[PDB]
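Structure file entry.cif; described as mmCIF, C-alpha atoms.
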```cif
data_query
loop_
_atom_site.label_atom_id
_atom_site.label_comp_id
_atom_site.auth_asym_id
_atom_site.auth_seq_id
_atom_site.Cartn_x
_atom_site.Cartn_y
_atom_site.Cartn_z
CA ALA A 1 0.00 0.00 0.00
CA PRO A 2 1.51 3.39 -0.96
CA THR A 3 2.77 4.98 2.24
CA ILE A 4 1.60 8.48 3.18
CA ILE A 5 3.69 11.08 5.04
CA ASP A 6 2.97 14.71 5.98
CA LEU A 7 -0.81 14.57 5.77
CA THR A 8 -2.59 17.91 6.07
CA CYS A 9 -6.21 19.07 5.85
CA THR A 10 -7.26 22.31 4.20
CA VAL A 11 -11.00 22.78 3.70
CA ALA A 12 -11.51 24.77 0.51
CA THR A 13 -15.10 25.68 1.41
CA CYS A 14 -17.68 24.21 3.78
CA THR A 15 -21.45 24.68 3.60
CA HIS A 16 -23.39 22.40 5.93
CA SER A 17 -26.04 21.64 3.32
CA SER A 18 -28.15 18.49 3.31
CA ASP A 19 -26.03 17.04 0.50
CA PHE A 20 -22.24 17.04 0.22
CA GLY A 21 -21.60 20.76 0.64
CA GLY A 22 -17.97 20.80 1.70
CA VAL A 23 -14.75 20.21 -0.23
CA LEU A 24 -11.45 19.48 1.52
CA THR A 25 -8.09 18.89 -0.18
CA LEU A 26 -5.39 16.78 1.47
CA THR A 27 -1.72 17.58 0.86
CA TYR A 28 0.50 14.54 1.39
CA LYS A 29 3.83 13.08 0.27
CA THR A 30 3.66 9.53 -1.07
CA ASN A 31 6.21 7.05 -2.43
CA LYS A 32 4.27 5.60 -5.38
CA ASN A 33 0.88 5.76 -7.12
CA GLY A 34 -2.29 3.77 -6.55
CA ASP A 35 -5.51 3.77 -4.54
CA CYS A 36 -6.35 3.20 -0.88
CA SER A 37 -9.08 3.92 1.62
CA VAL A 38 -10.21 7.20 3.16
CA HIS A 39 -12.64 7.82 6.00
CA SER A 40 -13.65 10.35 8.66
CA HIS A 41 -13.07 8.78 12.06
CA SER A 42 -15.38 11.28 13.75
CA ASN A 43 -19.10 11.46 12.95
CA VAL A 44 -19.68 15.21 12.49
CA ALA A 45 -18.71 14.80 8.81
CA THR A 46 -19.52 12.09 6.26
CA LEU A 47 -17.30 11.64 3.21
CA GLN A 48 -18.76 11.14 -0.25
CA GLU A 49 -15.93 9.01 -1.63
CA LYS B 1 -33.27 85.49 -32.46
CA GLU B 2 -33.19 85.91 -28.66
CA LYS B 3 -33.87 82.31 -27.62
CA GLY B 4 -30.65 82.19 -25.61
CA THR B 5 -28.75 79.08 -24.60
CA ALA B 6 -30.77 75.94 -25.25
CA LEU B 7 -30.94 73.10 -22.75
CA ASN B 8 -28.85 70.97 -25.11
CA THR B 9 -25.78 72.97 -24.00
CA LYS B 10 -26.42 73.39 -20.26
CA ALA B 11 -28.13 70.16 -19.17
CA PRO B 12 -26.52 68.89 -15.94
CA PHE B 13 -24.76 65.53 -15.77
CA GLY B 14 -23.87 65.55 -19.46
CA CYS B 15 -27.45 64.69 -20.43
CA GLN B 16 -27.72 64.60 -24.21
CA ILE B 17 -31.08 65.82 -25.50
CA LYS B 18 -33.13 64.39 -28.36
CA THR B 19 -36.29 66.13 -29.50
CA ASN B 20 -38.77 64.07 -31.54
CA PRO B 21 -39.64 61.81 -28.58
CA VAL B 22 -38.37 64.55 -26.25
CA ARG B 23 -35.98 62.82 -23.88
CA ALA B 24 -32.66 63.12 -22.07
CA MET B 25 -30.19 60.29 -22.71
CA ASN B 26 -27.06 59.11 -20.89
CA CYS B 27 -27.94 61.01 -17.71
CA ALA B 28 -25.22 59.85 -15.30
CA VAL B 29 -27.07 60.34 -12.02
CA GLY B 30 -28.05 58.09 -9.14
CA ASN B 31 -27.94 54.34 -8.65
CA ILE B 32 -30.11 51.65 -10.26
CA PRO B 33 -31.13 48.91 -7.81
CA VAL B 34 -31.25 45.50 -9.48
CA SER B 35 -33.09 42.42 -8.21
CA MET B 36 -32.34 39.19 -10.07
CA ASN B 37 -33.86 35.72 -9.78
CA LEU B 38 -31.74 32.88 -11.12
CA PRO B 39 -32.27 29.19 -11.90
CA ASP B 40 -29.94 26.76 -10.17
CA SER B 41 -28.89 25.48 -13.61
CA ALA B 42 -26.92 28.71 -14.08
CA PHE B 43 -24.79 28.10 -10.99
CA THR B 44 -22.00 25.52 -10.75
CA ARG B 45 -21.65 22.74 -8.19
CA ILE B 46 -18.82 23.13 -5.68
CA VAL B 47 -17.91 19.46 -6.12
CA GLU B 48 -17.17 20.33 -9.76
#
```
Can the structure in the file be given as structure tokens, please?
Amino acid sequence: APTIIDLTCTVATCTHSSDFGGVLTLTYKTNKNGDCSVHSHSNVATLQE
Amino acid sequence: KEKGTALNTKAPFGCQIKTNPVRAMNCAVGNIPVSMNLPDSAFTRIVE
């Protein structure tokens, strides 16, 4: 699994609408390319992907 | 002969004057409030 280092949140814009009304971009530093899981450990937010 | 200065040459705010449908055009005075109703199709989704 591609390792991730220096993970950082930066919410571009948040609007607590009924649908997915908030976009956050994560800046990281990986070693290779691929796919792997994402999730919000807390409950106040629910990810689309 | 003695008409004097017409309004075409002393109208305030640079208002040009046309006669036939007597009117003052390009009067640069005041503010125009604008209320606009838009369909959501015009906007763009944040996710996009």
Exercise for the section: Give as a ChimeraX atom specification every residue of chain A that touches chain B within 8 Å, counting all atoms listed in the file. Expected result: /A:21-23
Those same residues - C-alpha atoms - I'd like them written as a PDB file, in the frame of the given file.
```pdb
ATOM      1  CA  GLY A  21     -21.600  20.760   0.640  1.00  0.00           C
ATOM      2  CA  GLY A  22     -17.970  20.800   1.700  1.00  0.00           C
ATOM      3  CA  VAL A  23     -14.750  20.210  -0.230  1.00  0.00           C
TER       4      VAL A  23
END
```
Exercise for the section: Name the residues that the PyMOL selection byres ((chain B and resi 25-37) around 8) pulls out of this structure, and write them as a VMD selection string. Expected result: chain B and resid 13 to 18 23 to 24 38 to 39
Problem - Picked residues, the PyMOL selection byres ((chain A and resi 35) around 12), expected as an MDAnalysis selection string - result: chainID A and resid 1:4 30 32:34 36:38
Handout entry: Target residues per the PyMOL selection byres ((chain A and resi 11-16) around 12), formatted as a ChimeraX atom specification
Key = /A:8-10,17-27,44-46 /B:45-47
Exercise for the section: Work out how far apart CA of residue 49 (chain A) and CA of residue 42 (chain B) are and give it in Å to one decimal. Expected result: 25.8 Å
Problem - Between CA of residue 2 (chain B) and CA of residue 19 (chain B), distance in Å (one decimal) - result: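 Straight-line distance from CA of residue 2 (chain B) to CA of residue 19 (chain B) works out to 20.0 Å.
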Exercise for the section: Enter the distance from CA of residue 29 (chain A) to CA of residue 5 (chain A), in Å, rounded to one decimal. Expected result: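 We find that CA of residue 29 (chain A) and CA of residue 5 (chain A) lie 5.2 Å from each other.
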How about completing region 6-21 of chain A with N, CA, C and O atoms and giving it to me as a PDB file, keeping the file's coordinate frame?
```
ATOM      1  N   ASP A   6       3.359  13.297   5.965  1.00  0.00           N
ATOM      2  CA  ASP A   6       2.970  14.710   5.980  1.00  0.00           C
ATOM      3  C   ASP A   6       1.565  14.914   5.418  1.00  0.00           C
ATOM      4  O   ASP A   6       1.362  15.547   4.381  1.00  0.00           O
ATOM      5  N   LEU A   7       0.585  14.367   6.131  1.00  0.00           N
ATOM      6  CA  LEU A   7      -0.810  14.570   5.770  1.00  0.00           C
ATOM      7  C   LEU A   7      -1.341  15.851   6.402  1.00  0.00           C
ATOM      8  O   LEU A   7      -1.070  16.144   7.570  1.00  0.00           O
ATOM      9  N   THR A   8      -2.101  16.617   5.620  1.00  0.00           N
ATOM     10  CA  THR A   8      -2.590  17.910   6.070  1.00  0.00           C
ATOM     11  C   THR A   8      -3.965  18.187   5.466  1.00  0.00           C
ATOM     12  O   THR A   8      -4.158  18.017   4.259  1.00  0.00           O
ATOM     13  N   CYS A   9      -4.903  18.614   6.306  1.00  0.00           N
ATOM     14  CA  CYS A   9      -6.210  19.070   5.850  1.00  0.00           C
ATOM     15  C   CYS A   9      -6.180  20.547   5.489  1.00  0.00           C
ATOM     16  O   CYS A   9      -5.446  21.342   6.080  1.00  0.00           O
ATOM     17  N   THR A  10      -7.001  20.908   4.502  1.00  0.00           N
ATOM     18  CA  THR A  10      -7.260  22.310   4.200  1.00  0.00           C
ATOM     19  C   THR A  10      -8.619  22.365   3.502  1.00  0.00           C
ATOM     20  O   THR A  10      -8.717  22.046   2.314  1.00  0.00           O
ATOM     21  N   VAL A  11      -9.648  22.760   4.246  1.00  0.00           N
ATOM     22  CA  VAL A  11     -11.000  22.780   3.700  1.00  0.00           C
ATOM     23  C   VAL A  11     -11.139  23.970   2.766  1.00  0.00           C
ATOM     24  O   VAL A  11     -11.052  25.128   3.190  1.00  0.00           O
ATOM     25  N   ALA A  12     -11.349  23.692   1.480  1.00  0.00           N
ATOM     26  CA  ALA A  12     -11.510  24.770   0.510  1.00  0.00           C
ATOM     27  C   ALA A  12     -12.727  25.621   0.845  1.00  0.00           C
ATOM     28  O   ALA A  12     -12.640  26.851   0.923  1.00  0.00           O
ATOM     29  N   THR A  13     -13.873  24.978   1.050  1.00  0.00           N
ATOM     30  CA  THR A  13     -15.100  25.680   1.410  1.00  0.00           C
ATOM     31  C   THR A  13     -16.059  24.673   2.017  1.00  0.00           C
ATOM     32  O   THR A  13     -16.210  23.566   1.495  1.00  0.00           O
ATOM     33  N   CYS A  14     -16.706  25.060   3.112  1.00  0.00           N
ATOM     34  CA  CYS A  14     -17.680  24.210   3.780  1.00  0.00           C
ATOM     35  C   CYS A  14     -19.017  24.918   3.861  1.00  0.00           C
ATOM     36  O   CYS A  14     -19.088  26.084   4.264  1.00  0.00           O
ATOM     37  N   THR A  15     -20.072  24.209   3.473  1.00  0.00           N
ATOM     38  CA  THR A  15     -21.450  24.680   3.600  1.00  0.00           C
ATOM     39  C   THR A  15     -22.268  23.496   4.099  1.00  0.00           C
ATOM     40  O   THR A  15     -22.489  22.538   3.351  1.00  0.00           O
ATOM     41  N   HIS A  16     -22.728  23.559   5.347  1.00  0.00           N
ATOM     42  CA  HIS A  16     -23.390  22.400   5.930  1.00  0.00           C
ATOM     43  C   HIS A  16     -24.771  22.222   5.319  1.00  0.00           C
ATOM     44  O   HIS A  16     -25.791  22.348   6.004  1.00  0.00           O
ATOM     45  N   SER A  17     -24.803  21.922   4.025  1.00  0.00           N
ATOM     46  CA  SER A  17     -26.040  21.640   3.320  1.00  0.00           C
ATOM     47  C   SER A  17     -26.427  20.175   3.514  1.00  0.00           C
ATOM     48  O   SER A  17     -25.639  19.348   3.980  1.00  0.00           O
ATOM     49  N   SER A  18     -27.668  19.857   3.144  1.00  0.00           N
ATOM     50  CA  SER A  18     -28.150  18.490   3.310  1.00  0.00           C
ATOM     51  C   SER A  18     -27.315  17.502   2.518  1.00  0.00           C
ATOM     52  O   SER A  18     -27.045  16.394   2.995  1.00  0.00           O
ATOM     53  N   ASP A  19     -26.898  17.877   1.314  1.00  0.00           N
ATOM     54  CA  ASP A  19     -26.030  17.040   0.500  1.00  0.00           C
ATOM     55  C   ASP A  19     -24.574  17.365   0.810  1.00  0.00           C
ATOM     56  O   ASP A  19     -24.263  18.087   1.760  1.00  0.00           O
ATOM     57  N   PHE A  20     -23.659  16.837  -0.001  1.00  0.00           N
ATOM     58  CA  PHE A  20     -22.240  17.040   0.220  1.00  0.00           C
ATOM     59  C   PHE A  20     -21.849  18.474  -0.130  1.00  0.00           C
ATOM     60  O   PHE A  20     -21.538  18.775  -1.287  1.00  0.00           O
ATOM     61  N   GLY A  21     -21.861  19.357   0.865  1.00  0.00           N
ATOM     62  CA  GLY A  21     -21.600  20.760   0.640  1.00  0.00           C
ATOM     63  C   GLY A  21     -20.315  21.240   1.280  1.00  0.00           C
ATOM     64  O   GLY A  21     -20.265  22.327   1.862  1.00  0.00           O
TER      65      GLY A  21
END
```
